């Protein structure tokens, strides 16, 4: 995979998608349609179409952003330390396109792995289950339920 050039991204991504995925902006809490979307399907990197999260692992955390127990696969995201007042947080980025997705927190539901991935909906595109074969994601349908 080759990430489109920045010049291409400025012309294809909305300003919101660009700020979030390229400049690590955070979308307003509770603002995105995916925040309260719980329909079967997968969420893919808005930039590359890399699968990132399954609807099976999504839950309403009350935090303000699409929230997931885990990424759809171990290698689909990468984690990166950042700091505010020298206090660490873990940023989550997509593997292939290196889009800023969100952050991951150690206080998610224990019986699902203890983690909460709070992800900007702006970084994602939802592929409904019924559309996955056609979109080229058939081999990942099994992760949806």
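Residue numbers count along the first chain shown, from 1.
Greater mean Cα temperature factor according to the PDB record, 13-21 or 127-135: Per the deposited B-factors, the answer is 127-135.
With respect to the recorded C-alpha B factors, which stretch has the higher mean value, 31-39 or 113-121? Per the PDB entry, the higher value belongs to 31-39.
Between 55, 69, 61, 26, let me know which has the highest C-alpha B-factor in the entry? Within the set 55, 69, 61, 26, 61 shows the top C-alpha B-factor.
Please rank the C-alpha B-factors of the chain's modelled residues and tell me whether residue 99 sits in the lowest, middle or highest third. Residue 99: CA B-factor falls in the lowest third of its chain.
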